[PDB]
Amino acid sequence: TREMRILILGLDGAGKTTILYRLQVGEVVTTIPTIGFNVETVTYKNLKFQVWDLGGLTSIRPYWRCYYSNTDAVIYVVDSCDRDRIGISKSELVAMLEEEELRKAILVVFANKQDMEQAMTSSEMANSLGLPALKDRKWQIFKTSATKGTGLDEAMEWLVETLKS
């Protein structure tokens, strides 16, 4: 019943800001690259959220952790079309999860941009992120399209219901 905190994280271009305003108004909006953060109060199935969407550009990333305090769940957005950089995404994923400020947080990976033909399978992503290695941590990886809208509801459903238990 309390206002819960969500962080949207991932590399520049994943589709972070688009996930947010999709959550806010059920729509695609125009976005600019996020210099710092966007932050909006959002409600989904009678559950108040304080969503912090941080920028994923290289110079921004070392400061993500200035915002990990009192976080209930992390939406991890990853470009399904960016094989070259998935390694970096793992680096950032491995790093953040080691922070104790995040110990009680639920992880929901958004395999975004799945609407594209070339898009990676969830399986390739799951290995490249090293998710099978994550024990003692409730997580999930969903195939989403922030522009089309597909996957988003199911992912948030799982996120809400798990945050209630």
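Heads up: residue numbers just count along the shown sequence, starting at 1.
- For the pair 33-41 and 127-135, the record assigns the higher mean C-alpha temperature factor to 127-135.
- For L54, the recorded CA B-factor ranks within the lowest third of the chain. Only modelled residues enter the ranking.
- Sorting the modelled residues of the chain by their CA temperature factor places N46 in the highest third.
- The deposited CA B-factor of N112 belongs to the lowest third of values across its chain.
- In the PDB entry, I75 places in the lowest third of its chain by CA B-factor.
- Remark: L163 belongs to the highest third of its chain, ranked by C-alpha B-factor as recorded.
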